[PDB]
Amino acid sequence: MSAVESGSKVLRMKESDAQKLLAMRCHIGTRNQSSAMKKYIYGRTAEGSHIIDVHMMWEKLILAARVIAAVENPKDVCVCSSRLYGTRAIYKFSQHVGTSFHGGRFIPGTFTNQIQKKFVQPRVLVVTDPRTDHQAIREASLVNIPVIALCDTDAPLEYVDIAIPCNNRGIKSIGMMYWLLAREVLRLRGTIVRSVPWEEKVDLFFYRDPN
Amino acid sequence: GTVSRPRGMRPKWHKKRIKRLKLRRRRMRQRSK
Amino acid sequence: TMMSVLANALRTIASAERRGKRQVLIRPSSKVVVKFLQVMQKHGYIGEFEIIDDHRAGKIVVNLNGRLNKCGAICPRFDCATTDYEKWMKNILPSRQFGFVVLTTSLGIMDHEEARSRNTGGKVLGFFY
Amino acid sequence: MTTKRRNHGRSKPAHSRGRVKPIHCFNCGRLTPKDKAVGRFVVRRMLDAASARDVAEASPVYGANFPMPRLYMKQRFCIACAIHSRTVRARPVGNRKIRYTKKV
Amino acid sequence: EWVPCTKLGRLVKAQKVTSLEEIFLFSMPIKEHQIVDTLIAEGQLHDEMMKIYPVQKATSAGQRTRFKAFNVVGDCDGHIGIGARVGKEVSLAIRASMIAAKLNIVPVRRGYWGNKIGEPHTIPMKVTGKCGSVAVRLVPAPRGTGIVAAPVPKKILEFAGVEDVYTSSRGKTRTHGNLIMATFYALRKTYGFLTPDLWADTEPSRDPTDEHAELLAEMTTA
Amino acid sequence: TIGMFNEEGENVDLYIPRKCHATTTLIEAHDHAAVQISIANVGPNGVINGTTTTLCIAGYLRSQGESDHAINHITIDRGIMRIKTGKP
Amino acid sequence: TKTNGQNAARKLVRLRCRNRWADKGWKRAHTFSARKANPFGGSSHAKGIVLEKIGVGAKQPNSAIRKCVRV
Amino acid sequence: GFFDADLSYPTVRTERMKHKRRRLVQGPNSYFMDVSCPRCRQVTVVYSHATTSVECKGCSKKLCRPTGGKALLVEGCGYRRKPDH
Amino acid sequence: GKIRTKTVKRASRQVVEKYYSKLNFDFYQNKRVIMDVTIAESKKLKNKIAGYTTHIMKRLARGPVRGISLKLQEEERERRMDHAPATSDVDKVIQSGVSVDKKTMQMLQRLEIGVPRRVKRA
RNA sequence: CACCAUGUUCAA
RNA sequence: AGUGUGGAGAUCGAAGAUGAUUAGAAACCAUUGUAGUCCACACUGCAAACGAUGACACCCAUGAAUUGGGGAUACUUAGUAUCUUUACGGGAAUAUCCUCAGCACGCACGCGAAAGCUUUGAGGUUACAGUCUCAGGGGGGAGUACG
Ligand SMILES: [K+]
Ligand SMILES: [K+]
Ligand SMILES: [K+]
Ligand SMILES: [K+]
Ligand SMILES: [K+]
Ligand SMILES: [K+]
Ligand SMILES: [Mg+2]
Ligand SMILES: [Mg+2]
Ligand SMILES: [Mg+2]
Ligand SMILES: [Mg+2]
Ligand SMILES: [Mg+2]
Ligand SMILES: [Mg+2]
Ligand SMILES: [Mg+2]
Ligand SMILES: [Mg+2]
Ligand SMILES: [Mg+2]
Ligand code: NA
Ligand code: NA
Ligand code: NA
Ligand code: NA
Ligand code: NA
Ligand code: NA
Ligand code: NA
């Protein structure tokens, strides 16, 4: 969603943004293609791994950021994760953006069981993988909740509305996509300026062994 | 048990019993003719 | 084999509308097919459509909006009088407020509302709503 | 009554072929179609571990360098004979669909 | 005596949502039956017990008998609600099914047969609704026709607010559990049919839980 | 201008349902899968303004798995997403 | 499934003619085997002379004797 | 976001994949070549999918071999694809 | 059969959460602590709770135990994860040179921004 | 893989 | 399977014989064994002759495969290798992509009383109409009686 009414190129991907994506291997697929995600794939490497279009990745990333930045009251944007590789990422993302999050097993009925005493009614749902976060997506389909999902090459896109084509498997790749998303949401507000680079480090978004 | 309730003997054996009945009826008409 | 070309065309358009498609390819095409499509177009039920010439029975690509619920062909043609217009809206049309019965008449292919105003009967071609 | 298997118990689709010649069951000799029968290819040792050790100890030719021969049989079973011998068991309705393409 | 457990219920109690049409417009589920109590004027909402019948589960010692109750709710002005519940007691099943009836409240579109004179009297188009094998088809009828329907569909069509209709039924209509829901499904279809009247583009609206987001945060906070 | 009207001009309709922005499908009151996504409008600088642009998607489109493709089509149509990169 | 031709009325007439005989009510009203077997001869009532009195044991699960006569 | 397919104006990639009859407009799959006699250097026009063994008019030499698909040209010959139109 | 029922296990998990500092690795001193920090009609259950609290403590000394939440341990371990390296990891990869495959460089060349400066083929 | 047949009529 | 006439007759084996089992048991089990089983010519036309699913035509979402033939190595065009190789050999098989035809598997609508079906419909049907044809009308009597 880099295109704006004035025609300005402010939200377009710069050279610094592309370098961060390439270093963390956020453009690497899973060698297993999907019909819903076929468009986002630029091509296939010699070893079979699929390559994600970086223009299409950035267009979808800004679209999700503009949707998250359009929520006047945060904490009703839920960032869910089940892989445990995005548990520190969604925790750090919620620290800066100010959203709700839930790592680990999604307790069924969290969005539908109204007497649960742990019952929440978010407006936007953000998940790290449609396959592993299928429980959260299934409940959102019963309570009118749009879904923003970090989707790989083989992701199923049922009940997900904004799919970010990304590498949601590696520790470093997940941290960057949540770092880039958090940075852009803050930039879309008045929190930080576009010219000065963000002081917060992507290393705080990486997953660490409990040992 | 592959079939449902027959409500009778086995249909194959009822068909054979009918088969033999027709044989003896056509032999009784032959001797009168 | 294929016996009715209009029946095949209207089943293809109706199927595409149920599936939410924005376009549909029709093969083959005839004068009756194009005249029928133009009647739906003049009432806003379909968008622009384009006829491709292949030196054979042509093909049509129809741009579909979401306004068409169902179109279909009535077989056989079932000749209709001016007094039978009410009986055909009662049978095949969802309401007396919307939807059209297309007939072929001596004055051309037209909907039942136009044919009734022209005071002409004809043979029932199909419907759309 | 109701169709238990889309397979119908045999490896014969509707328009694949008409007739498959039957085989004699390994155990009782019942004539069952070759695609329907429960086929197992077994490779059996001629002697068990203790018996092989005693025979290989007395064998000039057999030992660690040269292995003992095995028995290779393709066994095809009637459905009744395969269930009774427990080479195959009844399964839950959900578990009925799972197939193994290689010996495990 | 009512403590809302949902954002919609909190808005309804705070008089920020004042009509069922805001809920209907934004497709929000109703999880509390007290939302319908507030948003329907006093005396407008009527209830009626459609069907009660026992259902049995065979057990090791005899059998277990429970009761399934069908309730119809409606203001006779375009709102209908059908809810079925099972209880160990007839009275318990009856109370639970009144709650379920309010929770399943839907809007009904009423139109005209011929001239658009006065208030709408009939459904706008032919609609069918299927439950099990039972399908109920409602056909628009001229003024003064009345509800030409079986006594079970007729009661539901009276609560929905339609005056004239032609009704046909097929399947095992003596299965009144399916016949009650088939009539209800046909009335729900009235607002899903795209008529040339609704072809125009409508401007976007703000979700009630979006517009009053800052109010709803402070309710949970304090 | 939208809805069922009288001969006296009164609007007969109880309410006017939302229409899906990809299939022109009336969104029913009891589907509970239809969503409404508001995209923030961004000024000449990176900061957004108070205005937003909202899309309505019917719940059947999301169950098919085609709501992601539909939003791609709409946001490109409204000039929000760029269909391809420019010349280097 | 059935025929739908414009000039296929002869086939549709024979179809109904042949298949009406499968209706037990229709076949009974259009054949004379029911009237020839009916003692009343197609009439509502008929007079008679009593021969003897008989008691019929009612079918299960009922257990009674129904008074009857041969006429 | 990518480009949505157009039914009346298919892209090069999708039209190239299609079968010649399944194409949007029917068309041939064959062509003609200018093949020269290996021992004559005399040019004859040879059909790409020729099923009859084409001979050099002067040489009387087999210039192609029948196949289930495209014709197999003789060794030592030179060919150029003639323009279709 | 000597399984601790859920009443004993829940109560012994509550005691460890509330009096972790006072507890120990021995049954007899822990049982003394359980005696005054608990109200129960039965001495046997207090004995079974003291046995399982000691089992929890021996489990806690080896590593974290599910169902036990100690705020002092959580905050101290959280501060450890909050520490960041002197230089960012993504930077170190860029200064060391980002290597891409053949297909990735073709896409980069087609980009409007071109290939980034510190990007090379593999 | 020895042999293992049967249960009066209605109604709880 | 059965019939007729010629062969053939190893195995198996209706009928039959003998031995077991059994309360009984020319039943299951055992040993045999006639007609058959096999062939030529001529009859018969009775199958759970089944996908319990008539034929022709159109549309129809996804992933991994498989058999035969080919082609290549709302964007103006997007690679790739391996093994054998003095004569049914300018070879054979592989790999990748596409394509037509065939048998299918795990399957998005939709349908269905359900089980389930789903480009292989049982879908596109009360929003009922592409064409043709066969059959059914509660269970029996009965596919019986008569001709
Ligand atoms: K099945
Ligand atoms: K075949
Ligand atoms: K067969
Ligand atoms: K007895
Ligand atoms: K023998
Ligand atoms: K006969
Ligand atoms: Mg059984
Ligand atoms: Mg069974
Ligand atoms: Mg049966
Ligand atoms: Mg013979
Ligand atoms: Mg024997
Ligand atoms: Mg037959
Ligand atoms: Mg049949
Ligand atoms: Mg019909
Ligand atoms: Mg009958
Ligand atoms: Na089998
Ligand atoms: Na009685
Ligand atoms: Na009796
Ligand atoms: Na009795
Ligand atoms: Na016995
Ligand atoms: Na079969
Ligand atoms: Na083949």
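Bear in mind that the values in this text are calculations on the coordinates, not laboratory data. Here the Cβ positions follow ideal geometry from the backbone for every residue, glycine too, while neighbour counts run over all protein chains shown.
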Phi-derived 3J(HN,Hα) across the stretch A:57-65 with the Karplus relation (6.51, -1.76, 1.60, θ = phi - 60°), rounded Hz, x for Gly and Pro, is 5, 6, 4, 6, 5, 5, 4, 5, 5
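Just check the protein assembly as shown against the gyration tensor rule for me: Cα atoms, a ≥ b ≥ c as the square roots of the eigenvalues, rounded for a/c under 1.5, and otherwise prolate or oblate depending on whether a/b exceeds b/c.
rounded
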Over 27 Å (Cα to Cα) among A:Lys39/C:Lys21; E:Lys13/E:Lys126; H:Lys18/H:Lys82; A:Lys14/F:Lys19; E:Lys172/G:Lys59; C:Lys123/G:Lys27 -> E:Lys13/E:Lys126; A:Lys14/F:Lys19; E:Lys172/G:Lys59; C:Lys123/G:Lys27
Expressed as a whole number, the average count of other chain Cβ atoms within 10 Å around the Cβ atoms of A:31-37 is 1
I:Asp82 neighbourhood, Cβ < 15 Å, K/R = +1, D/E = -1, net charge 0
The size of the Cβ-based charge dipole (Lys, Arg +1; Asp, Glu -1) of the protein assembly as shown about the Cα centre, to the nearest 20 debye, is 11620
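Using a cut-off of 11 Å between beta-carbons, work out the net charge of the residues near A:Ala182 (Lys and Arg +1, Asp and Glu -1, A:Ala182 not included).
+1
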Going fewest to most other Cβ atoms within 10 Å around each Cβ, F:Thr51, C:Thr12, F:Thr23 line up as F:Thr51, C:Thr12, F:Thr23
For the stretch H:8-85, listing chymotrypsin sites (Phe, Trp or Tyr not before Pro) in a DSSP loop whose Cβ sees at most 16 other Cβ atoms within 10 Å gives H:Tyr31
Residues F:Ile16, I:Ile39 in order from fewest to most other beta-carbon atoms within 10 Å are I:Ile39, F:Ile16
Excluding residues fewer than 8 positions from B:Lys33 in its own chain, the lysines with Cα under 29 Å of it are B:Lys15, B:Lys16, B:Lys19, B:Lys22
Of all C-alpha pairs within chain C, those more than 20 angstrom apart amount in percent to 42
Treating only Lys and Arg (+1) and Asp and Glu (-1) as charged, each at its beta carbon, one finds that the stretch C:69-129 has a dipole about its Cα centre, in Debye to the nearest 20, of 120
Taking a straight Cα-to-Cα line shorter than 18 Å from I:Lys92, and setting aside same-chain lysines fewer than 8 residues away, one finds A:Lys20, A:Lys172, A:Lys201, I:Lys120
Treating only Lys and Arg (+1) and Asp and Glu (-1) as charged, each at its beta carbon, one finds that the stretch A:5-101 has a dipole about its Cα centre, in Debye to the nearest 20, of 280
When chain A is treated as a Gaussian network with springs between alpha carbons less than 10 Å apart, the largest mean-square fluctuation among A:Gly190, A:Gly43, A:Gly29 is found at A:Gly190
Cross-link reach from G:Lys53 to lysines, straight Cα distance under 28 Å and at least 8 residues apart if same chain, gives G:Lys36, G:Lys67
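Quick one: order H:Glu15, A:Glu139 by neighbouring beta-carbon count within 10 Å, fewest to most.
Working: H:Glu15 12, A:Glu139 19.
Neighbour counts put them in this order, fewest first: H:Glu15, A:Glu139.
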By the mean-Cβ-within-10 Å protection proxy, highest first, C:77-88, E:123-134 rank as E:123-134, C:77-88
Once normalised by the length of the stretch C:69-129, the mean sequence separation of its alpha carbon contacts under 8 Å that are 6 or more apart gives a contact order in percent of 48
From the cross-link list A:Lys118/E:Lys130; C:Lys35/C:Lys87; A:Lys38/A:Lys118; D:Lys4/D:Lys103; E:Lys68/E:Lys154, the entries with a Cα-Cα span beyond 27 Å are A:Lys118/E:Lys130; A:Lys38/A:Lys118
Per-residue average of other protein chain Cβ atoms inside 10 Å, peptide A:20-26 -> 6
Per the charge dipole of the protein assembly as shown (beta-carbon charges, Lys/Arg positive, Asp/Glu negative, Cα centre), the residue among E:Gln44, F:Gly46, H:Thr52 reaching farthest to the positive end is H:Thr52
Tilt, helix F:67-77 to longest principal axis of chain F (alpha-carbon atoms), in degrees rounded to tens, equals 80
Residue by residue through the stretch C:11-21, the couplings from Karplus 6.51 cos²θ - 1.76 cosθ + 1.60 with θ = phi - 60°, in Hz, x for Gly and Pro, are 5, 6, 5, 5, 5, 5, 5, 4, 7, x, 7
Note to self: C-alpha centroids of the stretch E:144-222 and the stretch A:1-51 sit apart, in Å, by 45
Relative to chain I, whose Cα atoms define the longest principal axis, helix I:27-37 and its Cα axis are tilted in degrees, nearest 10, by 80
Listed by chain and number, the residues whose amide H is under 5 Å from that of E:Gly111, excluding neighbours fewer than 5 places away on the same chain and using placed H, are E:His121, E:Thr122, E:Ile123
Rounded to the nearest whole number, the Stokes-Einstein translational diffusion coefficient of the stretch H:1-84 at 10 °C and 1.306 mPa s (Kirkwood radius, C-alpha pairs) in µm²/s is 105
Once normalised by the length of the stretch H:1-84, the mean sequence separation of its alpha carbon contacts under 8 Å that are 6 or more apart gives a contact order in percent of 24
Long-range share for chain G, i.e. C-alpha pairs more than 14 Å apart as a percent of all pairs, stands at 77
Quarter of the surface of the C-alpha convex hull for chain A, i.e. direction-averaged projected area in nm², equals 12.7
With x for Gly and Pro, the residue-by-residue ³J(HN,Hα) of the stretch I:94-106, computed from phi through the Karplus equation 6.51 cos²θ - 1.76 cosθ + 1.60 at θ = phi - 60° and given in whole Hz, is 5, 4, 7, x, 7, 9, 10, 8, 5, 5, 5, 6, 4
Mean 1/r over distinct Cα pairs of the stretch A:15-68, inverted to a Kirkwood Rh in Å, yields 12.0
Checked against the positive end of the charge dipole of chain I (+1 on Cβ of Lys and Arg, -1 on Cβ of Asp and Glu, about the Cα centre), the farthest of I:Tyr20, I:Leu111, I:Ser96 is I:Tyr20
Using alpha carbon centers only, the stretch C:26-77 is separated from chain G by a whole-angstrom value of 56
Relative contact order of the stretch C:1-68 (C-alpha contacts under 8 Å, at least 6 apart) in percent is 35
Within chain A, excluding any trypsin sites (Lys or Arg not before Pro) found in a DSSP loop (not H, G, I, E or B) and having at most 10 other Cβ atoms within 10 Å, the longest uninterrupted segment runs A:1-104
Reduced to Cα centres, the span from the stretch D:35-104 to the stretch I:76-114 in Å works out to 55
